[PDB]
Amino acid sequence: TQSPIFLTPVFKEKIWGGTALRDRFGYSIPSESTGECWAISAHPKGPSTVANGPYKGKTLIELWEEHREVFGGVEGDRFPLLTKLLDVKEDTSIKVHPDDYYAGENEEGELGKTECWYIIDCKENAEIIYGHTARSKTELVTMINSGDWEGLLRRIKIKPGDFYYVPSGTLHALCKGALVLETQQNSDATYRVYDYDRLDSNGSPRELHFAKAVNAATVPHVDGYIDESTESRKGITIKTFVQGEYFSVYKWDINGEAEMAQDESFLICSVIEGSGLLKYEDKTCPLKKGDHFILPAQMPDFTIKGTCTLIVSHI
C-alpha cells in the first residue's frame, strides 16, 4: 500500500496507572488507573485496529497475515513489535522478560521481550531500577528471599529525553513519576519477582513468577553499551537511539517543513508532541499528539510541516 495506516489505541488498567493518558494525550481511558496504551499492537491480548482507509476496522494481525505487502513482505509468523505509552504514576513491579528461546519453551511460543524506553517526561527525582548486584543465581535467590532490594537492585536517575535499552534477561522496573514510549518485541511475557505486596482492583495480589524470573535472569548483570547519533537536515533533527537485533528506534524533531523518504520495510510512528501536516503526492494527512501510525513499504516520499516530535521504529 501507499498511504499512512493509523491505529486506534487499546488501553490496559494497572494498579500503578493513572489518568495522564487522558490529561496529556486527550485519550478516553477505561479507568482512573490506566497504566498502558497499546499504541501499535498486534498482540492477541489487545491488537490495534486500523483507524482509516480501505482497511479501516481490520486488526494489525489481519494486516500482517493477509496483507504482508504493507510490511514489505518481511518474514515472521507475527508482526514483530509492540509500542506502548506508559503512565507510570506509581512504581511498577520488579521483573525480568525472557528471551525468545525461554519464552517459546515456557510460554507456548510467545516471543521474548527485549525492549527499550524513551522517557517523554518524568518528575525531577525520577528513577528506574536497572540491573542488580548478584554474582550468582544462588546469591540472587538469597537476596530476593530476604527482600534485600537495597543491596540487590541497581538504580539509575532519569530525566526527560533519556533512552534506555533493556535486553531480555535484565532485572528491571520503571518507577513512579514517568511518562514513557516503550518499544518492545510483540510479547506479553513477564516474570515478576516483587510487586510491593499490593492488591489489585479485585482485592487480590498480582502473580509473581520467582522460579521463571531467576531462570530467565542474566547473572551477573553487565550494563550493555549503545551509541547514539544525531543528524539534522532542513526542518528536522533525527536522533538514532539504537539499531539492534530486534529494532531500531529514533526521534524526529520537526520544525518547519521536513522532506522524508520511507526506505525501510515499514515505519512505526508515534506523535508524542505537537502537531503537523503530512503531505505526499496530492494527499494531505493532519498529525497530532497521540496519533500512532505505520508508513507502509511503498509509502511515497513525503513532507511533514509543523512543530512536532515523533518516536519512530522499524525492524
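Start at 1 with the first residue shown and count on from there.
Two stretches are in play, 287-295 and 16-24, and the higher mean C-alpha B-factor belongs to 16-24. When 84-92 is weighed against 205-213, 205-213 comes out higher, by mean CA B-factor as recorded in the entry. Per the PDB record, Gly151 has a higher Cα B-factor than any other of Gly151, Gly161, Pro167, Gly73.
The PDB entry assigns its highest CA temperature factor, among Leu111, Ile156, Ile120, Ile238, to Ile156. Among all modelled residues in its chain, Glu273 ranks in the lowest third by Cα B-factor. In the deposited entry, the Cα temperature factor of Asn52 sits in the top third of values across the chain's modelled residues. Among the modelled residues of its chain, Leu267 has a C-alpha B-factor that falls in the lowest third, as given in the PDB entry.
Per the PDB record, residue ranking by Cα B-factor puts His97 in the lowest third of the chain.
Per the deposited record, the Cα B-factor of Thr8 falls in the middle third when ranked against the other modelled residues of its chain.
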